[PDB]
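What follows is the content of data33.cif (mmCIF, C-alpha atoms).
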data_data
#
loop_
_atom_site.label_atom_id
_atom_site.label_comp_id
_atom_site.auth_asym_id
_atom_site.auth_seq_id
_atom_site.Cartn_x
_atom_site.Cartn_y
_atom_site.Cartn_z
CA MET L 51 -5.70 10.95 -15.42
CA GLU L 52 -5.40 7.18 -14.84
CA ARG L 53 -1.75 7.38 -13.73
CA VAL L 54 -1.20 8.08 -9.98
CA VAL L 55 2.09 8.93 -8.29
CA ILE L 56 2.69 7.72 -4.73
CA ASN L 57 5.78 9.11 -3.09
CA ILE L 58 6.99 6.98 -0.16
CA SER L 59 9.71 8.93 1.66
CA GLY L 60 11.16 10.21 -1.62
CA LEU L 61 10.68 7.00 -3.66
CA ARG L 62 8.14 7.53 -6.38
CA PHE L 63 5.81 4.76 -7.40
CA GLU L 64 3.51 5.03 -10.42
CA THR L 65 0.42 2.93 -10.85
CA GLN L 66 -2.97 3.18 -12.41
CA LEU L 67 -6.06 4.32 -10.69
CA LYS L 68 -7.73 1.14 -11.83
CA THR L 69 -5.07 -0.86 -9.89
CA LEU L 70 -5.95 0.96 -6.65
CA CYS L 71 -9.64 0.57 -7.35
CA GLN L 72 -9.03 -3.36 -7.17
CA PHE L 73 -9.79 -2.62 -3.42
CA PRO L 74 -11.98 0.44 -2.94
CA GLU L 75 -12.35 -0.15 0.77
CA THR L 76 -8.75 0.67 1.60
CA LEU L 77 -6.78 3.89 2.25
CA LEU L 78 -5.38 4.09 -1.35
CA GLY L 79 -8.58 2.80 -2.88
CA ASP L 80 -10.94 5.35 -1.41
CA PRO L 81 -10.71 8.92 -2.76
CA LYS L 82 -11.94 10.31 0.53
CA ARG L 83 -9.24 8.55 2.56
CA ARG L 84 -6.27 9.09 0.32
CA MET L 85 -7.10 12.84 0.13
CA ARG L 86 -5.45 13.29 3.49
CA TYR L 87 -2.04 12.44 1.82
CA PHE L 88 -2.46 14.38 -1.43
CA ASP L 89 0.14 17.09 -2.31
CA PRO L 90 -1.44 19.56 -4.78
CA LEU L 91 1.94 21.23 -5.42
CA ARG L 92 3.43 18.09 -6.84
CA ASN L 93 0.29 16.19 -7.95
CA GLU L 94 1.19 13.14 -5.89
CA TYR L 95 0.44 11.36 -2.65
CA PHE L 96 3.12 11.48 0.04
CA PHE L 97 3.72 8.99 2.86
CA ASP L 98 6.64 9.42 5.35
CA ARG L 99 6.82 5.64 5.67
CA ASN L 100 8.90 2.56 4.99
CA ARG L 101 10.00 2.25 1.40
CA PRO L 102 10.82 -1.51 1.06
CA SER L 103 7.39 -2.46 2.36
CA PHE L 104 5.60 -0.54 -0.28
CA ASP L 105 6.53 -2.87 -3.10
CA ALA L 106 4.57 -5.58 -1.32
CA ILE L 107 1.61 -3.27 -0.53
CA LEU L 108 1.46 -2.30 -4.21
CA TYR L 109 1.75 -5.91 -5.30
CA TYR L 110 -1.44 -6.74 -3.24
CA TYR L 111 -3.26 -4.43 -5.64
CA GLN L 112 -1.45 -5.39 -8.82
CA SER L 113 -1.90 -9.11 -8.19
CA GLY L 114 -5.63 -8.80 -7.30
CA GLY L 115 -5.09 -9.59 -3.72
CA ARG L 116 -2.07 -11.63 -2.93
CA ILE L 117 -0.01 -10.95 0.20
CA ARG L 118 3.68 -11.82 -0.19
CA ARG L 119 6.13 -10.36 2.30
CA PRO L 120 9.67 -10.08 0.87
CA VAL L 121 12.29 -11.55 3.16
CA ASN L 122 13.96 -8.13 3.44
CA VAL L 123 10.92 -6.54 5.02
CA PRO L 124 10.72 -7.48 8.73
CA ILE L 125 7.51 -9.23 9.82
CA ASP L 126 6.37 -6.57 12.26
CA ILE L 127 7.14 -3.78 9.83
CA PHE L 128 4.97 -5.37 7.17
CA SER L 129 2.15 -6.15 9.62
CA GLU L 130 1.98 -2.55 10.68
CA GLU L 131 1.92 -1.40 7.04
CA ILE L 132 -1.02 -3.70 6.32
CA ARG L 133 -2.78 -2.05 9.21
CA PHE L 134 -1.91 1.50 8.17
CA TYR L 135 -2.92 1.07 4.53
CA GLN L 136 -6.28 -0.31 5.76
CA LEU L 137 -6.05 -3.45 3.64
CA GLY L 138 -8.38 -5.16 6.14
CA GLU L 139 -9.01 -8.43 7.83
CA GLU L 140 -8.88 -10.67 4.76
CA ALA L 141 -5.50 -9.18 3.87
CA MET L 142 -4.27 -9.88 7.39
CA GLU L 143 -5.50 -13.47 7.13
CA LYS L 144 -3.56 -13.79 3.84
CA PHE L 145 -0.53 -12.53 5.54
CA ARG L 146 -0.84 -15.17 8.32
CA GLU L 147 -1.32 -17.89 5.79
CA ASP L 148 1.57 -16.83 3.67
CA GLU L 149 3.84 -16.57 6.77
CA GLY L 150 2.98 -20.12 7.92
CA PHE L 151 1.40 -18.68 11.04
CA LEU L 152 -1.70 -20.90 10.89
#

Could you quickly redo this structure as structure tokens?
Amino acid sequence: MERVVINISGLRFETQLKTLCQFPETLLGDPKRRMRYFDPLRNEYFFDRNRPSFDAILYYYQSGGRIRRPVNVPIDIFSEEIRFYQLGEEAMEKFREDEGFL
């Protein structure tokens, strides 16, 4: 029901649908977009992508929109993940601000 499983390269994350619906205009937030990654055999979404980054992508949702790159995720890895997950321009501006890039 409410619980969703997101498998990033073998690492399972569990969150609530309501958490992903904090941002409906994103890959994970839009049922039509996330469909592309759904695995009906395991009832989960699968992404062959970087695992350390995903904590920070998930925290954007959980926190209601804050971007905080952990020091162990390289800058250009995280940037690319923002792009891929379709977090959008305001998320990218948060990233710049949080990185001191303004």

Atom CA of residue L:96 to atom CA of residue L:148, straight-line distance in Å:
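According to the coordinates, atom CA of residue L:148 and atom CA of residue L:96 are separated by 28.6 Å.
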
Could you list, as a compact mmCIF listing (two decimals) with C-alpha atoms, in the frame of the given file, every residue within 9 Å of residue L:58, counting all atoms listed in the file and ignoring same-chain residues fewer than 6 positions away?
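Produced file selection-v6.txt, reproduced below:
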# COMPACT_ATOMS: atom_id res chain seq x y z
CA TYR L 95 0.44 11.36 -2.65
CA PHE L 96 3.12 11.48 0.04
CA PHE L 97 3.72 8.99 2.86
CA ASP L 98 6.64 9.42 5.35
CA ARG L 99 6.82 5.64 5.67
CA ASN L 100 8.90 2.56 4.99
CA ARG L 101 10.00 2.25 1.40
CA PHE L 104 5.60 -0.54 -0.28

Nearest residue to residue L:68 from the set L:82, L:94, L:87, L:111 (distances using all atoms listed in the file):
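Using all atoms listed in the file, residue L:68 sits closest to L:111.
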
What lies within 6 Å of stretch 52-54 of chain L using all atoms listed in the file, ignoring chain neighbours under 2 positions off, as an MDAnalysis selection string?
chainID L and resid 64:67

Record the distance separating atom CA of residue L:136 and atom CA of residue L:77, expressed in Å with one decimal.
5.5 Å

To one decimal in Å, tell me the separation between atom CA of residue L:137 and atom CA of residue L:81.
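Atom CA of residue L:81 lies at a distance of 14.7 Å from atom CA of residue L:137.
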
Using all atoms listed in the file, I'd like a table of the residues in stretch 59-109 of chain L that come within 8 Å of stretch 122-133 of chain L; for each, show the closest atom pair and its distance in Å rounded to one decimal, ordered by chain and ascending number, as CSV.
residue,atom,partner,partner_atom,distance
L:102,CA,L:123,CA,6.4
L:103,CA,L:123,CA,6.0
L:107,CA,L:132,CA,7.4

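Proximity to residue L:76 was assessed for L:55, L:117, L:152, L:141 counting only C-alpha atoms; the smallest distance is recorded for L:141.
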
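When only C-alpha atoms are used to measure the gap to residue L:118, the shortest distance among L:143, L:75, L:80, L:89 belongs to L:143.
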
With 8 Å added on each side, what axis-aligned box encloses every listed atom of stretch 90-96 of chain L? Give the centre and edge lengths in Å to one decimal, as AutoDock Vina command-line options.
--center_x 1.0 --center_y 16.3 --center_z -4.0 --size_x 20.9 --size_y 25.9 --size_z 24.0

Quick one: of L:151, L:138, L:85, L:72, who's nearest to residue L:113, counting all atoms listed in the file?
L:72

Would you kindly identify which residues have an atom no farther than 6 Å from (-6.6, -10.8, 0.1), using only C-alpha atoms and the file's own coordinates, and write them out as JSON, numbers by chain?
{"L": [115, 116, 140, 141, 144]}

Between L:109, L:93, L:120, L:84, single out the one closest to residue L:51, counting all atoms listed in the file.
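Of L:109, L:93, L:120, L:84, the one nearest residue L:51 is L:93, counting all atoms listed in the file.
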
Using all atoms listed in the file: which of L:114, L:150, L:92, L:106 has the shortest distance to residue L:69:
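Using all atoms listed in the file, residue L:69 sits closest to L:114.
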
Dump of stretch 117-145 of chain L from preceding block, N, CA, C and O atoms, as a PDB file, in the first residue's frame:
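What ended up in part.pdb:
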ATOM      1  N   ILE L 117      18.377  20.031   0.110  1.00  0.00           N
ATOM      2  CA  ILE L 117      19.482  19.393  -0.584  1.00  0.00           C
ATOM      3  C   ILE L 117      20.717  19.479   0.303  1.00  0.00           C
ATOM      4  O   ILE L 117      21.168  20.585   0.618  1.00  0.00           O
ATOM      5  N   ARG L 118      21.244  18.319   0.718  1.00  0.00           N
ATOM      6  CA  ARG L 118      22.454  18.224   1.503  1.00  0.00           C
ATOM      7  C   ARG L 118      23.301  17.063   0.986  1.00  0.00           C
ATOM      8  O   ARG L 118      23.057  15.878   1.293  1.00  0.00           O
ATOM      9  N   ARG L 119      24.294  17.403   0.182  1.00  0.00           N
ATOM     10  CA  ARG L 119      25.267  16.413  -0.261  1.00  0.00           C
ATOM     11  C   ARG L 119      26.196  15.923   0.872  1.00  0.00           C
ATOM     12  O   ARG L 119      26.874  16.723   1.408  1.00  0.00           O
ATOM     13  N   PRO L 120      26.229  14.623   1.159  1.00  0.00           N
ATOM     14  CA  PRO L 120      27.215  14.099   2.089  1.00  0.00           C
ATOM     15  C   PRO L 120      28.585  14.167   1.519  1.00  0.00           C
ATOM     16  O   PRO L 120      28.786  14.045   0.304  1.00  0.00           O
ATOM     17  N   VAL L 121      29.616  14.404   2.392  1.00  0.00           N
ATOM     18  CA  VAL L 121      30.947  14.612   1.877  1.00  0.00           C
ATOM     19  C   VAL L 121      31.426  13.389   1.106  1.00  0.00           C
ATOM     20  O   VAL L 121      32.340  13.523   0.235  1.00  0.00           O
ATOM     21  N   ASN L 122      30.934  12.160   1.431  1.00  0.00           N
ATOM     22  CA  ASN L 122      31.379  11.008   0.716  1.00  0.00           C
ATOM     23  C   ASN L 122      30.759  10.764  -0.619  1.00  0.00           C
ATOM     24  O   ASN L 122      31.098   9.765  -1.219  1.00  0.00           O
ATOM     25  N   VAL L 123      29.859  11.653  -1.091  1.00  0.00           N
ATOM     26  CA  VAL L 123      29.344  11.546  -2.415  1.00  0.00           C
ATOM     27  C   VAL L 123      29.968  12.642  -3.249  1.00  0.00           C
ATOM     28  O   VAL L 123      29.741  13.830  -3.018  1.00  0.00           O
ATOM     29  N   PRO L 124      30.786  12.292  -4.234  1.00  0.00           N
ATOM     30  CA  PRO L 124      31.446  13.337  -5.061  1.00  0.00           C
ATOM     31  C   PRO L 124      30.444  14.279  -5.680  1.00  0.00           C
ATOM     32  O   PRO L 124      29.361  13.890  -6.107  1.00  0.00           O
ATOM     33  N   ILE L 125      30.848  15.533  -5.817  1.00  0.00           N
ATOM     34  CA  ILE L 125      30.029  16.638  -6.352  1.00  0.00           C
ATOM     35  C   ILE L 125      29.379  16.296  -7.647  1.00  0.00           C
ATOM     36  O   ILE L 125      28.147  16.458  -7.837  1.00  0.00           O
ATOM     37  N   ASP L 126      30.150  15.768  -8.587  1.00  0.00           N
ATOM     38  CA  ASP L 126      29.622  15.561  -9.955  1.00  0.00           C
ATOM     39  C   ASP L 126      28.841  14.288 -10.048  1.00  0.00           C
ATOM     40  O   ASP L 126      28.018  14.134 -10.954  1.00  0.00           O
ATOM     41  N   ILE L 127      29.023  13.378  -9.106  1.00  0.00           N
ATOM     42  CA  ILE L 127      28.078  12.254  -8.969  1.00  0.00           C
ATOM     43  C   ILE L 127      26.718  12.745  -8.526  1.00  0.00           C
ATOM     44  O   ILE L 127      25.712  12.418  -9.118  1.00  0.00           O
ATOM     45  N   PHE L 128      26.700  13.555  -7.445  1.00  0.00           N
ATOM     46  CA  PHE L 128      25.435  13.998  -6.899  1.00  0.00           C
ATOM     47  C   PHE L 128      24.671  14.844  -7.891  1.00  0.00           C
ATOM     48  O   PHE L 128      23.475  14.696  -8.052  1.00  0.00           O
ATOM     49  N   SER L 129      25.403  15.733  -8.595  1.00  0.00           N
ATOM     50  CA  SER L 129      24.757  16.628  -9.581  1.00  0.00           C
ATOM     51  C   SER L 129      24.008  15.831 -10.628  1.00  0.00           C
ATOM     52  O   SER L 129      22.872  16.167 -11.043  1.00  0.00           O
ATOM     53  N   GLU L 130      24.658  14.818 -11.126  1.00  0.00           N
ATOM     54  CA  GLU L 130      24.087  13.954 -12.137  1.00  0.00           C
ATOM     55  C   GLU L 130      22.824  13.193 -11.599  1.00  0.00           C
ATOM     56  O   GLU L 130      21.880  12.957 -12.325  1.00  0.00           O
ATOM     57  N   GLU L 131      22.887  12.770 -10.331  1.00  0.00           N
ATOM     58  CA  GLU L 131      21.752  12.131  -9.735  1.00  0.00           C
ATOM     59  C   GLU L 131      20.551  13.087  -9.594  1.00  0.00           C
ATOM     60  O   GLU L 131      19.435  12.672  -9.869  1.00  0.00           O
ATOM     61  N   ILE L 132      20.818  14.335  -9.213  1.00  0.00           N
ATOM     62  CA  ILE L 132      19.743  15.316  -9.202  1.00  0.00           C
ATOM     63  C   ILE L 132      19.088  15.377 -10.529  1.00  0.00           C
ATOM     64  O   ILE L 132      17.828  15.471 -10.653  1.00  0.00           O
ATOM     65  N   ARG L 133      19.920  15.456 -11.575  1.00  0.00           N
ATOM     66  CA  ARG L 133      19.406  15.500 -12.948  1.00  0.00           C
ATOM     67  C   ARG L 133      18.581  14.242 -13.274  1.00  0.00           C
ATOM     68  O   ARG L 133      17.401  14.330 -13.682  1.00  0.00           O
ATOM     69  N   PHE L 134      19.139  13.095 -13.039  1.00  0.00           N
ATOM     70  CA  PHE L 134      18.452  11.851 -13.397  1.00  0.00           C
ATOM     71  C   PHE L 134      17.125  11.682 -12.690  1.00  0.00           C
ATOM     72  O   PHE L 134      16.082  11.287 -13.309  1.00  0.00           O
ATOM     73  N   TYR L 135      17.053  11.974 -11.396  1.00  0.00           N
ATOM     74  CA  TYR L 135      15.840  11.810 -10.628  1.00  0.00           C
ATOM     75  C   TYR L 135      14.837  12.932 -10.897  1.00  0.00           C
ATOM     76  O   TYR L 135      13.716  12.960 -10.323  1.00  0.00           O
ATOM     77  N   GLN L 136      15.215  13.874 -11.781  1.00  0.00           N
ATOM     78  CA  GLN L 136      14.269  14.903 -12.246  1.00  0.00           C
ATOM     79  C   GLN L 136      13.797  15.732 -11.094  1.00  0.00           C
ATOM     80  O   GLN L 136      12.672  16.166 -11.089  1.00  0.00           O
ATOM     81  N   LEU L 137      14.669  16.065 -10.161  1.00  0.00           N
ATOM     82  CA  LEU L 137      14.279  16.905  -9.021  1.00  0.00           C
ATOM     83  C   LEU L 137      13.983  18.347  -9.443  1.00  0.00           C
ATOM     84  O   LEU L 137      13.164  18.962  -8.802  1.00  0.00           O
ATOM     85  N   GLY L 138      14.635  18.794 -10.473  1.00  0.00           N
ATOM     86  CA  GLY L 138      14.284  20.089 -11.138  1.00  0.00           C
ATOM     87  C   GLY L 138      15.199  21.230 -10.814  1.00  0.00           C
ATOM     88  O   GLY L 138      16.117  21.143 -10.000  1.00  0.00           O
ATOM     89  N   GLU L 139      14.888  22.357 -11.425  1.00  0.00           N
ATOM     90  CA  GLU L 139      15.684  23.546 -11.253  1.00  0.00           C
ATOM     91  C   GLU L 139      15.786  24.088  -9.869  1.00  0.00           C
ATOM     92  O   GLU L 139      16.859  24.530  -9.478  1.00  0.00           O
ATOM     93  N   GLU L 140      14.699  24.122  -9.084  1.00  0.00           N
ATOM     94  CA  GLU L 140      14.824  24.607  -7.702  1.00  0.00           C
ATOM     95  C   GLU L 140      15.728  23.701  -6.884  1.00  0.00           C
ATOM     96  O   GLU L 140      16.465  24.202  -6.057  1.00  0.00           O
ATOM     97  N   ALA L 141      15.668  22.378  -7.092  1.00  0.00           N
ATOM     98  CA  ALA L 141      16.568  21.492  -6.397  1.00  0.00           C
ATOM     99  C   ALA L 141      18.025  21.809  -6.774  1.00  0.00           C
ATOM    100  O   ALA L 141      18.952  21.763  -5.920  1.00  0.00           O
ATOM    101  N   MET L 142      18.310  22.019  -8.083  1.00  0.00           N
ATOM    102  CA  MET L 142      19.632  22.345  -8.474  1.00  0.00           C
ATOM    103  C   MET L 142      20.124  23.678  -7.846  1.00  0.00           C
ATOM    104  O   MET L 142      21.317  23.817  -7.467  1.00  0.00           O
ATOM    105  N   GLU L 143      19.250  24.645  -7.718  1.00  0.00           N
ATOM    106  CA  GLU L 143      19.613  25.884  -7.086  1.00  0.00           C
ATOM    107  C   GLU L 143      19.918  25.655  -5.589  1.00  0.00           C
ATOM    108  O   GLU L 143      20.901  26.219  -5.085  1.00  0.00           O
ATOM    109  N   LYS L 144      19.156  24.783  -4.932  1.00  0.00           N
ATOM    110  CA  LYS L 144      19.483  24.401  -3.562  1.00  0.00           C
ATOM    111  C   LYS L 144      20.761  23.757  -3.431  1.00  0.00           C
ATOM    112  O   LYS L 144      21.471  24.005  -2.498  1.00  0.00           O
ATOM    113  N   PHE L 145      21.112  22.939  -4.402  1.00  0.00           N
ATOM    114  CA  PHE L 145      22.406  22.280  -4.379  1.00  0.00           C
ATOM    115  C   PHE L 145      23.515  23.346  -4.467  1.00  0.00           C
ATOM    116  O   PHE L 145      24.485  23.325  -3.700  1.00  0.00           O
TER     117      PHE L 145
END
